[PDB]
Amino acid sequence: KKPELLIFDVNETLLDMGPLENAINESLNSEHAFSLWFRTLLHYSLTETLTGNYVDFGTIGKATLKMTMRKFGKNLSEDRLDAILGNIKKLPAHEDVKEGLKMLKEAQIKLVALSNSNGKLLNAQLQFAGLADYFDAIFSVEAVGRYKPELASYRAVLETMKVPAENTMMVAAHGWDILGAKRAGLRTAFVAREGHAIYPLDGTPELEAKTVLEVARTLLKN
């Protein structure tokens, strides 16, 4: 019943996106801008893979912020866009994360991170948040050139760690990440960070919790 391996999504699951959310919403003068931008980023990332291409996630992020800014009547300069997006490198951990990761690491469950962010950005993010040392390995989808939730993204991690899908649990605050992990055969835990929903069409996880700490306590109980 204990997983051999936990794979953690990073954005929102571990990292509080507030600094970036606030910067986008302030610049576009709407509390609704961040959510529409990030969904557009995710949408175009999957558009890229389905049309046979891989582009750095942050480059899609900037491109789709330029598209979204226009929907809000703004036309931001290159310097303004870069300043907004620079907050992606300065995201603190959610307050529950470190204690959850600590107890999972003490229980000798292998812990890895998997993000659509490129490897250099992902490592800088986890260093800034003080989380990098909890992980046995830190993975960007950049290496295989296929974004989550494509099955190949999870599979690249399983093959590198040499752990079967069914001995692995994906921990994520994104319903689509839950869905992809499930369909690759992984166990799943949904972290119900504010503003995120489970996908109703067969997206139910094994575990649901409000925090990573609560996931950890459930796994380690008994």
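Residues carry their position along the shown sequence, with the first being 1.
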> According to the deposited model, is the average Cα temperature factor higher in 111 to 119 or in 75 to 83?
Replying inline: 75 to 83
>> Among the choices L41, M67, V55, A181, identify the one whose CA B-factor in the record is greatest.
In response: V55
>> Lowest, middle or highest third: which one holds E166 when the chain's residues are ordered by CA B-factor from the entry?
In response: middle
> Sorting the chain's CA B-factors, does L6 end up in the lowest, middle or highest third?
Replying inline: lowest
>> Looking at the temperature factor on the CA atom of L186, which third of the chain's modelled residues does it land in?
In response: lowest
>> Among the modelled residues of this chain, does the Cα B factor of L28 put it in the lowest, middle or highest third?
In response: highest
>> Can you tell me whether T160 has a C-alpha B-factor in the lowest, middle or highest third compared with the other modelled residues of the same chain?
In response: middle
